[PDB]
Amino acid sequence: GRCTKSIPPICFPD
């Protein structure tokens, strides 16, 4: 449930 800001940024199942 958290994403990075990773270009494009990548999101995780967390």
# chains A, B, ... in the order shown; residues from 1 in each chain; ligands from 1

$ residues_around --residues "stretch 12-14 of chain A" --least-positions-apart "3" --cutoff "7 Å" --atoms "only C-alpha atoms" --output "list in words"
residues 1, 2 and 3 of chain A

$ select_by_dssp --residues "chain A" --states "strand (DSSP E)" --output "MDAnalysis selection string"
chainID A and resid 2:3 11:12
